[PDB]
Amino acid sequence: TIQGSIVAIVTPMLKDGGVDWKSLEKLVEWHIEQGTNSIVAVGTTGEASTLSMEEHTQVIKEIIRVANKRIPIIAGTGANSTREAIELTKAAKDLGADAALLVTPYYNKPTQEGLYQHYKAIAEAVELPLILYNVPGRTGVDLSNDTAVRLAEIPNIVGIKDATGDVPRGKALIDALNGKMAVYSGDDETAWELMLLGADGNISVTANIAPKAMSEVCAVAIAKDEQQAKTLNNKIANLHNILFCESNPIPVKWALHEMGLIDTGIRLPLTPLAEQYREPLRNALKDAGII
């Protein structure tokens, strides 16, 4: 169901590290304006890790309050604790979220069976649509294809954000599923292919700075028009790259700063994009005509 360009929105902040609400609001209007099809409130890009449970909720609320049921809101509710995860996902449901995005427990390295029990428990406790998120590189674990298929077997588990970048792998998964649950790309670099291979959209980082372009690439990629997917994606490829020259979302948050859309806020352990990649990013933004 949820399709298109789904931007994983940053959580704008002030120089001191407090959430920047006036700037958060403006960004939601701007995505809805620009053609963004949905939004993940407080995902990895949203500095979920450095936000308190209250800020997590406040943001989820604000994004839902400014969206005003105009486009669906997916609430970031992952945790490396099953219990903790149930608490954020219910909070989300109560706040009126359309769906929840739960990354695989990071750092405690659960077994594949633990990964199965973890999600099932969450699925049977809060009646909300749930979208799994696999990004081994960050978590320390890797939700196998077979595990994903066992889970698509659960009422409430409706999709899986796939950030491997491993396309044929992503393809195997989409095929094995036969439409039982959605798949979205969690890798901007190869999202156009994944969607061209039948993925329901991209939970995009690049979409923070180029929402129109992206939703256009998504539309035509889900539409199965190979050449336009390539042709329009190519206009923004350089961006999928330069936005990870440092850990996401260090750069995109600097990208948005150069765009004049947010202040330089970012919570430690994260840091402002290193002075070294600031001209390199500034040009890439100019080559793409975003400024």
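Counting begins at 1, following the sequence as shown.
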Avg C-alpha B-factor, entry values, 223-231 vs 247-255, higher side is 223-231
Entry B factor averaged over C-alpha atoms, 38-46 against 51-59: higher for 51-59
Member of 212, 161, 93, 118 with the greatest C-alpha B factor (per the PDB record): 212
Could you say which of 268, 19, 281, 9 has its CA atom at the highest B factor, as listed in the PDB entry? 281
For residue 203, return the chain-relative third of its C-alpha B-factor as stated in the PDB record: lowest, middle or highest. lowest
Sorting the chain's CA B-factors, does residue 65 end up in the lowest, middle or highest third? lowest
Taking the entry's C-alpha B-factors for this chain, is residue 78 in the lowest, middle or highest third? lowest
Looking at the temperature factor on the CA atom of residue 178, which third of the chain's modelled residues does it land in? highest
When the modelled residues of the chain are sorted by Cα temperature factor, does residue 137 land in the lowest, middle or highest third? lowest
